[PDB]
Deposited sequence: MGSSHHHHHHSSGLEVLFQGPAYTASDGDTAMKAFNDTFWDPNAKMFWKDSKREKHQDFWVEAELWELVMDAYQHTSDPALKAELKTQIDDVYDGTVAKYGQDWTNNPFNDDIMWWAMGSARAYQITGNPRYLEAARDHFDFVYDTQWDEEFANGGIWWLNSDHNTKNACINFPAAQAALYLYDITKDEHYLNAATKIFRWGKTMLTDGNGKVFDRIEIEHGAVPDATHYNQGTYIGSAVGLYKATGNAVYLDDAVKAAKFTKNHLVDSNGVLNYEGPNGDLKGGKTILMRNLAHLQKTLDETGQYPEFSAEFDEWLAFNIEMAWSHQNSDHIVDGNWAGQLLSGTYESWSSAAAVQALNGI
């Protein structure tokens, strides 16, 4: 019931049924940024999968379609005019998931066409021995926030199509990213910049997409090293991207990072599910489950009277949909 209450409250506060988009904040003066809207789309899908209330489930299923329609009305169906390859890939990944839920052809086309544009034209072997460029305008940096989401999108497309092309892509992208965008012990680097090298700044959302791609690769390949990869990145997050009480950091003031716990929590749930299913890493699993539950309880203890939780989970006017999404995500694992 907590997940249902949280999602209903989030919609009541932030969903605009007229534009079929989320508001960026509770002043209701501007709709959410394009890339973040794909992440709120996935939140709707996660609540759809989590709920056991058939009436709410049907409403959320409809909302999956309405989110796409509202975005396409403002931004079009062809996102390849957007210079941000990551923006495109977040929508390609969301579209693959929407296809799995709904069966509507438009979503498979959207996923496959946009994945192909990025992977087939924005992969480069010369700089840094591999990796996808951040932008399709200028080619100066290759980033975790495009590469790991691309591996995830490829894994969804493999699951849908069974075409080994997509598994091969996920494997190649992840191998490059593990080698060039991590320290080999679970710390995920932000990016590798031409003429400079690695920028080893770690953030919640890049830990998340690394973990999710690793768990997906473990499941698709049967290679246990990928599960180990995921566990090491989860451990790094729990020990090194938290405050002194173990509560996940607040990553403001940057607007893109403020809500990153949303993406982290989505992917930590994948890891929790796989550990529960396989019985692997039982010691870590117990520690991890306790730490997750603690974070969730602390976050929700700061909910306001409308059942909205700001993204500064360690503490207590205007609430923002991206920063507030993480607490909702956490109850819809």
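Comparing the deposited sequence with the modelled residues, the stretches lacking C-alpha coordinates are 1 to 25, 342 to 344, 362.
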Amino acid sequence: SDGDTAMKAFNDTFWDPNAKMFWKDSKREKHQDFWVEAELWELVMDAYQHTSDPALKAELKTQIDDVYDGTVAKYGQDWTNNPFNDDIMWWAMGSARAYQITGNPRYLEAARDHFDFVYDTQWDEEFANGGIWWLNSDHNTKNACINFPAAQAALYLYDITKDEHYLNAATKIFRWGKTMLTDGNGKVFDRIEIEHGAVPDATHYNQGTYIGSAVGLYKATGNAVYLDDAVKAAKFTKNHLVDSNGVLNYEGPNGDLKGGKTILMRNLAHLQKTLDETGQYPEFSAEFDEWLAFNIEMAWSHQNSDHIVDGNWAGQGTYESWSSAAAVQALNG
From here on, numbers count along this sequence of modelled residues.
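Of the other compared PDB entries of this protein that include residues on both sides, at least a third leave residue 316 without atoms. The mean C-alpha temperature factor is higher for 284 to 292 when 30 to 38 and 284 to 292 are set side by side. Looking at 109 to 117 and 197 to 205 together, the entry lists the larger mean B-factor for 109 to 117, computed on C-alpha atoms. For the set 72, 150, 180, 217, the PDB entry puts the maximum C-alpha B factor at 72.
The PDB entry assigns residue 13 a C-alpha temperature factor belonging to the middle third of its chain's modelled residues. In the deposited entry, the Cα temperature factor of residue 76 sits in the top third of values across the chain's modelled residues.
Residue-level temperature factors show residue 101 in the highest third of its chain, judged at the C-alpha atom.
Annotation for residue 314: CA B-factor lies in the highest third of the chain's modelled residues. In the deposited entry, the Cα temperature factor of residue 86 places it in the lowest third of its chain's modelled residues.
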